[PDB]
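Take a look at the structure below.
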Amino acid sequence: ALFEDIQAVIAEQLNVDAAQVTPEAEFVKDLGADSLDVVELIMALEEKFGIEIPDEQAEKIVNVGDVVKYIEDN
């Protein structure tokens, strides 16, 4: 599933437990990331899923739902 997949990349990149990584969970406030962490995370995801995330979109991405709903919509 695309969720378990991305959730995996998120949990390993941000060194947190999978159970934390929920659609509602925020990269910064909830998962302890800093802005640069999300930049690295996004690049690893673009790599993994071979899809480009235009900057306008990347800056709109606040939670794990935002990132998932993008990848699968694209």
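Here's how to read the names in the structure tokens: chain A, B, ... by the order shown, residue numbers from 1 in each chain, ligand numbers from 1 in the order shown.
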Surrounding residues of residue 71 in chain A excluding itself and chain neighbours under 5 positions, 12 Å, only C-alpha atoms, as a ChimeraX atom specification: /A:2-3,5-6,42,45-54,57-58,61,64-66
All residues 12 Å or closer to residue 7 in chain A, only C-alpha atoms, same chain fewer than 2 positions away omitted, as a PyMOL selection string: chain A and resi 1-5+9-23+25+27+31+41+45+63-65+67-68
If you keep N, CA, C and O atoms, can you produce a file of those selected residues as a CSV table (one decimal), in the first residue's frame?
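Done, and the output landed in again.csv:
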chain,number,residue,atom,x,y,z
A,1,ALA,N,0.9,-1.2,0.0
A,1,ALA,CA,0.0,0.0,0.0
A,1,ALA,C,0.9,1.3,0.0
A,1,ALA,O,2.0,1.3,0.5
A,2,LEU,N,0.4,2.3,-0.6
A,2,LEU,CA,1.1,3.5,-0.7
A,2,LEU,C,1.3,4.2,0.6
A,2,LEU,O,2.3,4.9,0.9
A,3,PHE,N,0.3,4.0,1.5
A,3,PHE,CA,0.5,4.6,2.8
A,3,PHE,C,1.6,4.0,3.6
A,3,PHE,O,2.5,4.7,4.1
A,4,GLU,N,1.6,2.7,3.8
A,4,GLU,CA,2.6,1.9,4.6
A,4,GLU,C,4.0,2.2,4.1
A,4,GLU,O,4.9,2.2,4.9
A,5,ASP,N,4.1,2.4,2.8
A,5,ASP,CA,5.3,2.7,2.1
A,5,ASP,C,5.9,4.0,2.4
A,5,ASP,O,7.0,4.1,2.9
A,9,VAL,N,9.1,5.5,4.9
A,9,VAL,CA,10.1,6.4,4.6
A,9,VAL,C,10.2,7.5,5.6
A,9,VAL,O,11.3,7.9,6.0
A,10,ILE,N,9.0,8.0,6.0
A,10,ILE,CA,8.9,9.0,7.0
A,10,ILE,C,9.5,8.6,8.4
A,10,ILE,O,10.3,9.3,9.0
A,11,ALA,N,9.1,7.4,8.8
A,11,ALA,CA,9.5,7.0,10.1
A,11,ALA,C,11.0,6.7,10.2
A,11,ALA,O,11.6,7.0,11.3
A,12,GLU,N,11.6,6.2,9.1
A,12,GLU,CA,13.0,6.0,9.1
A,12,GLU,C,13.9,7.3,9.0
A,12,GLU,O,15.0,7.4,9.5
A,13,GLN,N,13.4,8.2,8.2
A,13,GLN,CA,14.0,9.5,7.9
A,13,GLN,C,14.0,10.4,9.1
A,13,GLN,O,15.0,11.0,9.4
A,14,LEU,N,12.9,10.4,9.8
A,14,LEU,CA,12.7,11.3,11.0
A,14,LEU,C,13.0,10.6,12.3
A,14,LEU,O,12.7,11.2,13.4
A,15,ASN,N,13.5,9.4,12.2
A,15,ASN,CA,13.8,8.6,13.4
A,15,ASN,C,12.7,8.6,14.4
A,15,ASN,O,12.9,9.0,15.6
A,16,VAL,N,11.4,8.3,14.0
A,16,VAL,CA,10.3,8.1,14.9
A,16,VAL,C,9.6,6.8,14.6
A,16,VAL,O,9.8,6.2,13.6
A,17,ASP,N,8.7,6.4,15.6
A,17,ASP,CA,8.0,5.1,15.4
A,17,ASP,C,6.9,5.3,14.4
A,17,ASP,O,6.2,6.3,14.3
A,18,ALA,N,6.6,4.2,13.6
A,18,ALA,CA,5.5,4.2,12.6
A,18,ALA,C,4.2,4.6,13.2
A,18,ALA,O,3.4,5.4,12.5
A,19,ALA,N,3.8,4.3,14.4
A,19,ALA,CA,2.5,4.6,15.0
A,19,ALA,C,2.3,6.1,15.1
A,19,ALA,O,1.2,6.6,15.1
A,20,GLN,N,3.4,6.8,15.3
A,20,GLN,CA,3.4,8.3,15.3
A,20,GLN,C,3.0,8.8,14.0
A,20,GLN,O,2.2,9.8,13.9
A,21,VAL,N,3.4,8.2,12.9
A,21,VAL,CA,3.2,8.7,11.5
A,21,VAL,C,1.8,8.4,11.0
A,21,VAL,O,1.6,7.5,10.2
A,22,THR,N,0.9,9.3,11.3
A,22,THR,CA,-0.5,9.2,11.0
A,22,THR,C,-0.9,10.3,10.0
A,22,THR,O,-0.3,11.3,9.9
A,23,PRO,N,-1.9,10.0,9.2
A,23,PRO,CA,-2.3,11.1,8.2
A,23,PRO,C,-2.4,12.5,8.8
A,23,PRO,O,-2.2,13.5,8.2
A,25,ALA,N,-0.7,13.6,11.4
A,25,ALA,CA,0.6,14.0,12.1
A,25,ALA,C,1.4,15.0,11.3
A,25,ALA,O,1.6,14.8,10.1
A,27,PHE,N,4.7,17.1,10.3
A,27,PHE,CA,6.2,16.9,10.2
A,27,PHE,C,6.9,17.7,11.3
A,27,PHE,O,7.7,17.1,12.1
A,31,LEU,N,6.1,15.4,14.6
A,31,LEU,CA,7.1,14.4,14.4
A,31,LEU,C,8.5,15.0,14.7
A,31,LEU,O,9.5,14.2,14.5
A,41,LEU,N,13.4,14.7,3.4
A,41,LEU,CA,12.3,13.8,3.3
A,41,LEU,C,11.7,13.8,2.0
A,41,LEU,O,11.5,12.8,1.3
A,45,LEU,N,11.5,11.0,-1.1
A,45,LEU,CA,10.2,10.6,-1.7
A,45,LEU,C,10.1,10.8,-3.2
A,45,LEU,O,9.6,9.9,-3.9
A,63,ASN,N,1.4,18.0,6.8
A,63,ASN,CA,1.2,16.8,7.5
A,63,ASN,C,1.5,15.6,6.6
A,63,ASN,O,1.7,15.7,5.4
A,64,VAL,N,1.4,14.3,7.1
A,64,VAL,CA,1.7,13.1,6.3
A,64,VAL,C,0.5,12.8,5.3
A,64,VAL,O,0.7,12.1,4.3
A,65,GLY,N,-0.6,13.4,5.6
A,65,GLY,CA,-1.7,13.3,4.6
A,65,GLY,C,-1.5,14.1,3.4
A,65,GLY,O,-1.8,13.6,2.3
A,67,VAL,N,1.4,14.9,2.0
A,67,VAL,CA,2.4,14.3,1.2
A,67,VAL,C,1.8,13.0,0.5
A,67,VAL,O,1.9,12.9,-0.7
A,68,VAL,N,1.1,12.2,1.2
A,68,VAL,CA,0.5,11.0,0.6
A,68,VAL,C,-0.5,11.4,-0.5
A,68,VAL,O,-0.4,10.9,-1.6
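Going from CA of residue 55 in chain A to CA of residue 37 in chain A covers 15.6 Å.
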Expected answer as a PyMOL selection string: helix (DSSP H, G or I) residues in chain A: chain A and resi 2-13+18-20+35-49+55-60+64-73
Distance in Å - CA of residue 29 in chain A versus CA of residue 56 in chain A: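 Computed distance, CA of residue 29 in chain A to CA of residue 56 in chain A, equals 20.9 Å.
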